[PDB]
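Just so it is clear: chains get the letters A, B, ... in the order the sequence lines come, proteins before strands, and each one is counted from 1. All ligand and atom numbering here is 1-based and tracks the order in the structure.
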There are 2 protein chains.
Amino acid sequence: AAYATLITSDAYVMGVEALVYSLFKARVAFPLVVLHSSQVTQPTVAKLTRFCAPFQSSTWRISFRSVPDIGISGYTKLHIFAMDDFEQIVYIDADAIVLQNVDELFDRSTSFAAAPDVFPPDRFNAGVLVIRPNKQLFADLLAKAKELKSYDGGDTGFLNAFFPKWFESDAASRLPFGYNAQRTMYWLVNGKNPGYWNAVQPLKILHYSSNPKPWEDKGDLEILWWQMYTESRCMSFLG
Amino acid sequence: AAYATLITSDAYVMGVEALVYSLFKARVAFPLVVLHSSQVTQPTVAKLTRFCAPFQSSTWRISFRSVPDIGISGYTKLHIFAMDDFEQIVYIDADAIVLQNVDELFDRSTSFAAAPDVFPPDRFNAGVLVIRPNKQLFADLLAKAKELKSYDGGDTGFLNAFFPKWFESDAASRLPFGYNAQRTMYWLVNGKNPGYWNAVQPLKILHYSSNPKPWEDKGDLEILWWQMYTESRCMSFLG
Ligand SMILES: O=c1ccn([C@@H]2O[C@H](COP(=O)(O)OP(=O)(O)O)[C@@H](O)[C@H]2O)c(=O)[nH]1
Ligand SMILES: O=c1ccn([C@@H]2O[C@H](COP(=O)(O)OP(=O)(O)O)[C@@H](O)[C@H]2O)c(=O)[nH]1
Ligand SMILES: [Pt+2]
Ligand SMILES: [Pt+2]
């Protein structure tokens, strides 16, 4: 079992660093694999590998894996389904941070789990996926991605077309919102109805969906992201 | 089995009339019970009973039932759980309209079903409920409503505190969004991402949540509500 994340552009390296460190703080008991695609230049990989070295120990390994891009690079995320040297992968977008240990995600007995999106709430968001690799399933996702249109133009829209009955699936396959709390909801409800956000408990993974990404630019949640990233620099360089 | 709706103020009579007529157009094969509470004056009841008379036939009965208010009138909706001369009730808010026959809602074998809210998407909205009356459950809702706080100040927040594990329940108890398509989502996504709304298919019940209510005041969905209400006047008075 492993955590995985993904970087397909140099610019997202800071998101990966914030995420890596948040997993270190949470003391996750499972290794992490960082997938990087062709468009990520080698210096950025080396910089990221250096950043991560002080968090390596006998009890937690961070490893790196080159993966090829998948165009429509928008589908590069599909590679997790081919990572079949692992029985189970918990995948987290690089624009997310872990606030609390989520090791219990690996106790779900299902081949595919995801949390609801906000729009519409009976579809899932592809930023947090608990999957069991299956190279045959991977081959079918590759094929069907030349046939199925996505309602949001990206991997979330595609994966919902490939799994249109996710809302009907068992509770193991449907993660509570606190495992993928998208800031878009906070943006929309904080000024008027802050109680809607406070009802998301426990809040374990904060997802910084939509744009700009916090490293591309000061709301309360963005402040929380900068708290985590800058602490990660102190601990990497000075710890 | 019956459809039920609720009016607790004179001002909502137009919402009830739009809803009644939309159920007539959809040719629902189950009778409708309109609950009215103390605050609704008798003339408004008589006017509503007159409005509904041309839709009475040997094959569809609309009936009226006086119910007492339940304060915190915000909980008056809880009366559906005491309507135990019916095995099953499909409850619909008066600020909703039915676009397509929903008779299949009565085929769900569950005691309680509801559709997700948008905020957060793992809680349910109380505007469309498929329930099995149970006077004992009703007594407990009455009692627990003097103990449990609601995160939205109303019946939706209360019912989610009373049923906190709804998201984990089986598919029978979790209605697709198209059974309670709240216009708040359309308001929010139409200008930027209209494809999010178009992905809600089939769209069978349109819910005009938030304020103003369309009869209290011209977007595309409000135009759709006025199309239904004014047609209902023509058919009532002239048909
Ligand atoms: O320019 C990009 C776009 C995407 N990604 C990777 O693909 C994931 C999904 O894209 P993104 O999170 O930006 O989309 P959103 O969540 O806003 O829909 C990101 O988190 C990264 O892991 C990336 O590395 N660089
Ligand atoms: O002033 C009111 C408020 C509520 N209701 C009834 O209670 C339901 C729930 O209230 P509402 O739909 O206005 O709330 P919202 O959907 O905006 O949260 C309404 O649809 C009506 O059936 C009513 O008749 N008059
Ligand atoms: Pt993301
Ligand atoms: Pt409503």
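If you check which protein heavy atom lies closest to atom 2 (C) of ligand 2, you get B:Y12 CE1, 3.4 Å. Nearest non-hydrogen protein atom to atom 4 (C) of ligand 2 is B:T8 OG1, 3.8 Å. In terms of protein heavy-atom proximity, atom 10 (O) of ligand 2 is nearest to B:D93 OD2, 4.3 Å.
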When you look at B:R65 and B:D85, which way does the salt bridge (charged side-chain N to carboxylate O under 4.0 Å, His left out) test go after all the steps?
-> CA-CA 13 Å; B:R65 281 184 178 185; B:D85 46 338; 2.2 Å; yes
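The side-chain heavy atoms of B:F112 and B:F162, taken from C-beta on, include no pair separated by under 4.5 Å. Taking 4.5 Å as the limit, every side-chain heavy atom of B:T5 sits out of range of all side-chain heavy atoms of B:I7. For the pair B:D93/B:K77, a side-chain contact is recorded, criterion being any heavy-atom separation below 4.5 Å from C-beta on. Residues B:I89 and B:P133 are in side-chain contact: their nearest non-hydrogen atoms beyond the backbone lie under 4.5 Å apart.
Heavy atoms of B:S210 found under 4.0 angstrom from ligand 2 belong exclusively to the backbone.
The presence of a protein heavy atom under 4.0 Å from atom 24 (O) of ligand 2 is confirmed.
The shortest N or O to N or O distance between B:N211 and ligand 2 is not under 3.5 Å. Of the N or O atoms in B:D155, none lie within a sub-3.5 Å distance of an N or O in ligand 2. The shortest N/O to N/O separation between B:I7 and ligand 2 does not fall below 3.5 Å.
In this pair, A:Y208 and A:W225 present their aromatic rings perpendicular. The plane angle is above 60°, beyond the 30 to 60° band.
Interface of B:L6 with ligand 2, defined as ligand atoms under 4.0 Å from a residue heavy atom, comprises 6 (C), 7 (O), 21 (C), 22 (O), 24 (O). Ligand 2 places these atoms under 4.0 Å from at least one heavy atom of B:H207: 16 (O). Set against the non-hydrogen atoms of B:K213, the atoms of ligand 2 under 4.0 Å away are 13 (O), 15 (P), 17 (O).
Of the candidates B:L35, B:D95, B:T76, the one placing a heavy atom closest to atom 11 (P) of ligand 2 is B:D95.
With hydrogens and angles ignored, the 3.5 Å screen pairs a side-chain donor or acceptor of A:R183 with a backbone N or O of A:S210.
You'll find the ring centres of B:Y3 and B:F106 inside the 6.0 Å limit.
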